[PDB]
């Protein structure tokens, strides 16, 4: 028994919340058994196809041509072969089509401009390992399951023990929940782990939003750690997708997100800046004390270390 710690995950869609939870089951539990991994074989195939299709459609809306005029048919084949195949079924022809498309320079050119439209951050992952996924005897690795994207049916909760502590990690994902359910999450919460997708800094905003995921996150985070009702609740910042951010900061300047930024386009100086933008939203220099972390939710080794650090901080506060 000893002590029980309640954790609550916040953060905009696609910020890595579900991933963190799935990490806990891998790190501080028995992970996924060979059998459990076989269950996701279907969704893995799906997400793969769903990704390539997402890019192909983008090529039409962005008016991008194929590097090879021959791929045109393959694009058509894709939807047909995908309209005709099923779950737990990966034809060598379909994989071949997806593969050739994933190689096309035009498709790549579109993939590079994935900031101008909505695309999942598991696309490149699967599309790269296509040859392995396509295999008949293929069984989703533990890292594969980690990358899967399924329909979040309501509120998820995971139990696990670590350093003589009983953790209960809650995550409300996508599911629009009533005022009632939310209260039961904020109640007794030892700490809130707020997740921010660093790579969202350069994304072109949607046609229905008034700002952008980054600023939306800032507006959310603001109300959170500034709400008097959370005074005793410890705030933990997870600046996530640091790896993708690093690759983006090379060609996409931080000025696109923060115009008043006069620093160099380096991962180190930009990330430090973003952190400050969030931490400066805390109108309590004395009271509140934000615990920031630059994480890669898909990197187990990382998450493990980060969470270990978080743990200590919680034990210390006694």
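Numbering follows the first chain given and starts at 1.
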Margin query: Quick check on the record: does 79-87 or 213-221 carry the larger mean Cα temperature factor?
Written below: 79-87
Note to self: Per the record, averaged over C-alpha atoms, which has the higher B-factor: 11-19 or 306-314?
What the structure shows: 306-314
Next item on the list: Select one of 268, 279, 29, 286: the residue whose C-alpha shows the highest B-factor in the crystal structure entry.
Entry: 286
Note to self: According to the Cα B-factor stored in this entry, which of the following is highest: 243, 144, 200, 164?
What the structure shows: 164
Checklist line | Chain-relative CA temperature factor third for residue 256 | finding: middle
Item checked: Entry-reported Cα temperature factor of residue 232, expressed as the chain third it lands in -> highest
Check: Based on the entry's values, in what third of the chain does the Cα temperature factor of residue 226 lie: lowest, middle or highest?
Finding: middle
Check: Taking the C-alpha B-factors as the PDB entry records them, is residue 195 in the lowest, middle or highest third of its chain?
Finding: lowest
Notebook entry, point to check: Compared with the other modelled residues in the chain, in which third is the CA B-factor of residue 248?
Noted result: lowest
